[PDB]
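Trainee: I'm passing along query.cif; it holds mmCIF, C-alpha atoms and all ligand atoms; chains and numbers go by the auth columns.
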```cif
data_structure
#
loop_
_atom_site.group_PDB
_atom_site.id
_atom_site.type_symbol
_atom_site.label_atom_id
_atom_site.label_comp_id
_atom_site.label_asym_id
_atom_site.label_seq_id
_atom_site.Cartn_x
_atom_site.Cartn_y
_atom_site.Cartn_z
_atom_site.B_iso_or_equiv
_atom_site.auth_seq_id
_atom_site.auth_asym_id
ATOM 1 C CA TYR A 1 0.000 0.000 0.000 0.00 1 G
ATOM 2 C CA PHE A 2 1.537 3.290 -1.127 0.00 2 G
ATOM 3 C CA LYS A 3 0.376 6.119 1.131 0.00 3 G
ATOM 4 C CA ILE A 4 0.539 9.729 -0.080 0.00 4 G
ATOM 5 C CA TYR A 5 0.078 12.294 2.692 0.00 5 G
ATOM 6 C CA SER A 6 -0.195 15.916 1.596 0.00 6 G
ATOM 7 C CA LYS A 7 -0.480 19.416 3.019 0.00 7 G
ATOM 8 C CA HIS A 8 -0.653 22.862 1.424 0.00 8 G
ATOM 9 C CA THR A 9 0.484 25.820 3.513 0.00 9 G
ATOM 10 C CA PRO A 10 0.387 29.550 2.663 0.00 10 G
ATOM 11 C CA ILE A 11 3.908 30.781 3.415 0.00 11 G
ATOM 12 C CA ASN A 12 5.823 34.006 2.880 0.00 12 G
ATOM 13 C CA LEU A 13 9.424 33.025 3.702 0.00 13 G
ATOM 14 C CA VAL A 14 11.948 33.775 0.975 0.00 14 G
ATOM 15 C CA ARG A 15 14.619 31.066 1.023 0.00 15 G
ATOM 16 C CA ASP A 16 14.519 28.253 3.601 0.00 16 G
ATOM 17 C CA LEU A 17 11.801 26.130 5.195 0.00 17 G
ATOM 18 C CA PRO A 18 9.462 27.982 7.576 0.00 18 G
ATOM 19 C CA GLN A 19 9.562 27.120 11.263 0.00 19 G
ATOM 20 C CA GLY A 20 6.181 25.997 12.535 0.00 20 G
ATOM 21 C CA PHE A 21 3.804 23.078 12.838 0.00 21 G
ATOM 22 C CA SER A 22 1.530 21.700 10.118 0.00 22 G
ATOM 23 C CA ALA A 23 0.129 18.167 10.144 0.00 23 G
ATOM 24 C CA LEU A 24 -0.051 16.407 6.780 0.00 24 G
ATOM 25 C CA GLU A 25 -3.456 14.966 5.990 0.00 25 G
ATOM 26 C CA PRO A 26 -3.547 11.584 4.204 0.00 26 G
ATOM 27 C CA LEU A 27 -4.453 12.138 0.569 0.00 27 G
ATOM 28 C CA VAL A 28 -4.233 8.872 -1.406 0.00 28 G
ATOM 29 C CA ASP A 29 -4.056 5.261 -0.211 0.00 29 G
ATOM 30 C CA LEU A 30 -2.876 3.503 -3.341 0.00 30 G
ATOM 31 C CA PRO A 31 -3.089 -0.309 -3.976 0.00 31 G
ATOM 32 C CA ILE A 32 0.008 -0.996 -6.111 0.00 32 G
ATOM 33 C CA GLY A 33 1.781 -3.988 -4.520 0.00 33 G
ATOM 34 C CA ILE A 34 5.150 -3.391 -6.210 0.00 34 G
ATOM 35 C CA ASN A 35 8.739 -2.964 -5.065 0.00 35 G
ATOM 36 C CA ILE A 36 9.989 0.644 -4.846 0.00 36 G
ATOM 37 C CA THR A 37 13.612 1.474 -4.007 0.00 37 G
ATOM 38 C CA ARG A 38 14.458 4.591 -6.056 0.00 38 G
ATOM 39 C CA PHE A 39 12.603 7.761 -7.042 0.00 39 G
ATOM 40 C CA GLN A 40 13.063 10.879 -9.161 0.00 40 G
ATOM 41 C CA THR A 41 11.069 14.114 -9.190 0.00 41 G
ATOM 42 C CA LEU A 42 9.762 15.846 -12.316 0.00 42 G
ATOM 43 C CA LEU A 43 10.331 19.524 -13.092 0.00 43 G
ATOM 44 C CA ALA A 44 8.956 21.710 -15.882 0.00 44 G
ATOM 45 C CA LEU A 45 10.988 23.718 -18.363 0.00 45 G
ATOM 46 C CA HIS A 46 10.158 27.211 -19.594 0.00 46 G
ATOM 47 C CA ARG A 47 10.784 27.910 -23.276 0.00 47 G
ATOM 48 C CA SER A 48 11.112 31.349 -24.853 0.00 48 G
ATOM 49 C CA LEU B 1 -16.533 -4.522 12.640 0.00 1 B
ATOM 50 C CA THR B 2 -18.874 -6.104 15.174 0.00 2 B
ATOM 51 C CA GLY B 3 -20.145 -4.674 18.435 0.00 3 B
ATOM 52 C CA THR B 4 -22.982 -3.592 20.683 0.00 4 B
ATOM 53 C CA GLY B 5 -24.108 -0.076 21.501 0.00 5 B
ATOM 54 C CA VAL B 6 -26.545 2.763 20.948 0.00 6 B
ATOM 55 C CA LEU B 7 -26.031 4.740 17.743 0.00 7 B
ATOM 56 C CA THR B 8 -26.700 8.449 18.265 0.00 8 B
ATOM 57 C CA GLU B 9 -26.184 11.765 16.522 0.00 9 B
ATOM 58 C CA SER B 10 -22.816 13.391 17.128 0.00 10 B
ATOM 59 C CA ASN B 11 -21.099 16.777 17.048 0.00 11 B
ATOM 60 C CA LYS B 12 -17.553 15.514 16.412 0.00 12 B
ATOM 61 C CA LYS B 13 -16.103 17.282 13.366 0.00 13 B
ATOM 62 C CA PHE B 14 -14.511 14.343 11.566 0.00 14 B
ATOM 63 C CA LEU B 15 -12.052 15.126 8.817 0.00 15 B
ATOM 64 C CA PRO B 16 -12.775 13.639 5.318 0.00 16 B
ATOM 65 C CA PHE B 17 -10.147 10.886 5.647 0.00 17 B
ATOM 66 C CA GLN B 18 -11.318 10.015 9.183 0.00 18 B
ATOM 67 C CA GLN B 19 -13.776 7.125 9.338 0.00 19 B
ATOM 68 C CA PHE B 20 -14.026 5.799 12.893 0.00 20 B
ATOM 69 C CA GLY B 21 -12.941 6.823 16.368 0.00 21 B
ATOM 70 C CA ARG B 22 -11.312 4.924 19.192 0.00 22 B
ATOM 71 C CA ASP B 23 -11.398 5.168 22.977 0.00 23 B
ATOM 72 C CA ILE B 24 -8.683 4.272 25.496 0.00 24 B
ATOM 73 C CA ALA B 25 -9.677 0.580 25.280 0.00 25 B
ATOM 74 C CA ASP B 26 -9.309 0.852 21.406 0.00 26 B
ATOM 75 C CA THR B 27 -12.988 -0.104 21.082 0.00 27 B
ATOM 76 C CA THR B 28 -14.806 1.878 18.407 0.00 28 B
ATOM 77 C CA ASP B 29 -16.671 4.893 19.831 0.00 29 B
ATOM 78 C CA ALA B 30 -17.842 6.563 16.605 0.00 30 B
ATOM 79 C CA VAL B 31 -18.155 5.242 13.070 0.00 31 B
ATOM 80 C CA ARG B 32 -18.894 6.495 9.575 0.00 32 B
ATOM 81 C CA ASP B 33 -21.661 4.456 7.987 0.00 33 B
ATOM 82 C CA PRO B 34 -21.232 3.340 4.361 0.00 34 B
ATOM 83 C CA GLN B 35 -23.686 4.360 1.583 0.00 35 B
ATOM 84 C CA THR B 36 -24.822 7.510 3.461 0.00 36 B
ATOM 85 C CA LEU B 37 -21.379 8.695 4.795 0.00 37 B
ATOM 86 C CA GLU B 38 -22.922 10.063 8.035 0.00 38 B
ATOM 87 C CA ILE B 39 -21.053 9.928 11.370 0.00 39 B
ATOM 88 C CA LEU B 40 -22.820 7.922 14.086 0.00 40 B
ATOM 89 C CA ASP B 41 -21.590 8.052 17.673 0.00 41 B
ATOM 90 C CA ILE B 42 -21.431 4.701 19.461 0.00 42 B
ATOM 91 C CA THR B 43 -22.233 4.840 23.172 0.00 43 B
ATOM 92 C CA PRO B 44 -22.110 1.529 25.134 0.00 44 B
ATOM 93 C CA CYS B 45 -25.490 0.304 26.356 0.00 45 B
ATOM 94 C CA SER B 46 -26.476 0.971 29.972 0.00 46 B
ATOM 95 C CA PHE B 47 -25.363 -1.604 32.524 0.00 47 B
ATOM 96 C CA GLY B 48 -24.778 -1.860 36.232 0.00 48 B
ATOM 97 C CA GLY B 49 -25.067 -3.781 39.437 0.00 49 B
ATOM 98 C CA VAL B 50 -28.335 -5.303 40.651 0.00 50 B
HETATM 99 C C1 LIG C . 13.271 -4.815 -4.066 0.00 101 R
HETATM 100 O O1 LIG C . 14.350 -4.265 -4.858 0.00 101 R
HETATM 101 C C2 LIG C . 15.634 -4.288 -4.211 0.00 101 R
HETATM 102 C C3 LIG C . 16.608 -3.615 -5.150 0.00 101 R
HETATM 103 O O2 LIG C . 16.279 -3.870 -6.508 0.00 101 R
HETATM 104 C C4 LIG C . 16.022 -5.725 -3.877 0.00 101 R
HETATM 105 O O3 LIG C . 17.266 -5.723 -3.185 0.00 101 R
HETATM 106 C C5 LIG C . 14.940 -6.360 -3.012 0.00 101 R
HETATM 107 O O4 LIG C . 15.260 -7.724 -2.760 0.00 101 R
HETATM 108 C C6 LIG C . 13.586 -6.271 -3.711 0.00 101 R
HETATM 109 N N1 LIG C . 12.541 -6.847 -2.879 0.00 101 R
HETATM 110 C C7 LIG C . 11.570 -7.630 -3.362 0.00 101 R
HETATM 111 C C8 LIG C . 10.579 -8.139 -2.360 0.00 101 R
HETATM 112 O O5 LIG C . 11.494 -7.912 -4.554 0.00 101 R
#
```
Reformat the file's structure so that it appears as structure tokens.
Mentor:
Amino acid sequence: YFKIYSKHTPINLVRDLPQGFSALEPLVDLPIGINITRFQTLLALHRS
Amino acid sequence: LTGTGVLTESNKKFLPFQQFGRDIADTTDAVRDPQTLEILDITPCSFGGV
């Protein structure tokens, strides 16, 4: 079971992580049943 | 989930993910019913010493 917990917070700090408390609500409980050992995030380019 | 109790209206603001509730004993104290998604409080039936 692959659990995705998520939280959106309105912040106004410029560079680093804000200091505070915010509990992440569970978003998606996903029935995959596969082995996961490595991950990679996806970014978006801007073309001009 | 099996059990005995009186099902009553409740004022506990459950969050969308939250389904049931548990007491100190870990016995279910509130539950979200399927099909109608409402939140029913579970209060153990009256008992005592005769
Ligand atoms: C999951 O993958 C890792 C690395 O590929 C491997 O060492 C491990 O034995 C795998 N586990 C299962 C249950 O396949």
Trainee: Tell me as a ChimeraX atom specification which residues belonging to chain B come within 10 Å of chain G, counting all atoms listed in the file.
Mentor: /B:15-18
Trainee: Include C-alpha atoms and write out the residues we just selected as a PDB file, in the coordinates of the input.
Mentor:
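Now in out_29.pdb:
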```pdb
ATOM      1  CA  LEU B  15     -12.052  15.126   8.817  1.00  0.00           C
ATOM      2  CA  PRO B  16     -12.775  13.639   5.318  1.00  0.00           C
ATOM      3  CA  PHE B  17     -10.147  10.886   5.647  1.00  0.00           C
ATOM      4  CA  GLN B  18     -11.318  10.015   9.183  1.00  0.00           C
TER       5      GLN B  18
END
```
Trainee: Which protein, DNA or RNA residues have an atom within 12 Å of ligand LIG 101 (chain R), counting only C-alpha atoms and all ligand atoms, as a PyMOL selection string?
Mentor: chain G and resi 33-38
Trainee: If I take CA of residue 31 (chain B) and CA of residue 45 (chain B), how far is one from the other in Å, to one decimal?
Mentor: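 Interatomic distance here is 16.0 Å.
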Trainee: Hey, what comes out of the PyMOL selection byres (((chain G and resi 30) around 7) and not hetatm) on this file? Could you write it as a compact mmCIF listing (two decimals) with C-alpha atoms, keeping the file's coordinate frame?
Mentor:
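Below is the file part.txt, written as the result:
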```txt
# COMPACT_ATOMS: atom_id res chain seq x y z
CA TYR G 1 0.00 0.00 0.00
CA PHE G 2 1.54 3.29 -1.13
CA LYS G 3 0.38 6.12 1.13
CA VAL G 28 -4.23 8.87 -1.41
CA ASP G 29 -4.06 5.26 -0.21
CA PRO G 31 -3.09 -0.31 -3.98
CA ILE G 32 0.01 -1.00 -6.11
```
Trainee: CA of residue 36 (chain B) and CA of residue 13 (chain B), how far apart in Å?
Mentor: 16.4 Å
Trainee: Taking 2 positions as the minimum chain separation for residues in the same chain, which residues sit within 12 Å of region 20-25 of chain B when counting only C-alpha atoms? Answer as a ChimeraX atom specification.
Mentor: /B:1,10,12-18,27-34,37-44
Trainee: Distance CA of residue 5 (chain G)-CA of residue 44 (chain G), one decimal place?
Mentor: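 CA of residue 44 (chain G) lies at a distance of 22.6 Å from CA of residue 5 (chain G).
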